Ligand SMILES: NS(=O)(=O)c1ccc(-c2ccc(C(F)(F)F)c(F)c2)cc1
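A single chain comes next, written as structure tokens; it is the form deposited without the named molecule.
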């Protein structure tokens, strides 16, 4: 059920100039990645994995979108729920993919930057779709961020960041959680998107100065909520509701990440079909359980680097992703 893709990044002008070599071969047609574990572009011992989709370095933000995002949007617009994880070592592109960057010198705008990753393109699309058709709606987005099993609202501009939120189970629906004081911004028009991000980009930063190796050590749950009151060429008023989750996991690389640690356990639990799954042992898991064996449709984007210094983490990441395939939610 759970679909996993492997996105492979390309050489930075560090491994470019240093005339270095890759050890990763990402083939989109056979849908697999083959790692060189021993040595020699001549005689070598390799390691090969297959997943649901593979994108080489030659891939562009736009290619990742129509291929993995579009469906999950259409679904999410039927009232469904969807989740997207990004997973992997630090420095491999988990963020680039999820957020993207900005094309330099000011070439383009935020609605045409070939560099903009998921979260951006997505918002510009939710509007660019329901707006078009005789559809009535409203959307909201929030950003839960985890640092040391401490919750953080990266958008709320009324209070700083030392202020950690509080988690309680929802007595309403079992397995749910209540996030005391979480902010849910309301995006009225496609022209609000950009500042909303420019905002968190700040607040993040103060967080980066507040606690150590924040970026590498945190989990950002970016959530966009669509309230739909559709109305086809009939007169019926749909009441669809969709929640699409975009998770930028912490550095897969190995103080201690209780959540990162609870996730691996959570998975293994579901794959070995172990009667008891340790959701409740970390915030992420509780906060995000329905995705791990629940009703939500989830997909993982594992990220890797060709550098031969990263062999041990690459294999580790590709083994992780490859096993996360047998989980079956929905």
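Only the largest set of C-alpha atoms that superpose within 1.5 Å between the two forms is called the rigid core. Numbering follows the first chain given and starts at 1.
Beyond what is shown, the protein has a form deposited with the named molecule bound; the following relates to that form.
Residue 81 falls outside the set of residues with a heavy atom inside 4.5 Å of the named molecule in the bound PDB entry.
Under a 4.5 angstroms non-hydrogen atom cutoff, the named molecule in the bound PDB entry lacks residue 28 among its neighbouring residues. Proximity of residue 245 to the named molecule in the bound PDB entry falls outside the 4.5 Å heavy atom cutoff. The shortest heavy atom separation between residue 294 and the named molecule in the bound PDB entry exceeds 4.5 Å.
The stretch among 167 to 175, 245 to 253, 226 to 234, 132 to 140 whose residues place heavy atoms within 4.5 Å of the named molecule in the bound PDB entry is 245 to 253.
The partner is absent here; in the bound PDB entry, the one residue of 261, 70, 271, 53 having a heavy atom within 4.5 Å of the named molecule is 261.
Looking at 56 to 87, the one residue that comes within 4.5 Å of the named molecule in the bound PDB entry, counting any heavy atom, is 87. Here the two forms are overlaid on the core, and between the shown form and the other one the C-alpha of 231 is the only one among 225, 148, 125, 231 to shift by 2 Å or more. Annotation: Cα of residue 61 displaced by at least 2 Å between the shown form and the other one, core superposition. Annotation for residue 115: C-alpha shift of 2 angstroms or more between the shown form and the other one, rigid core superposed.
Positional change of residue 309 between the shown form and the other one stays under 2 Å at the C-alpha, relative to the superposed core. Shown here is a form in which the CA atoms of residue 20 and residue 310 lie at least 3 Å farther apart than they do in the bound PDB entry.
CA of residue 125 to CA of residue 236: farther apart by 3 Å or more in the bound PDB entry than in the shown form.
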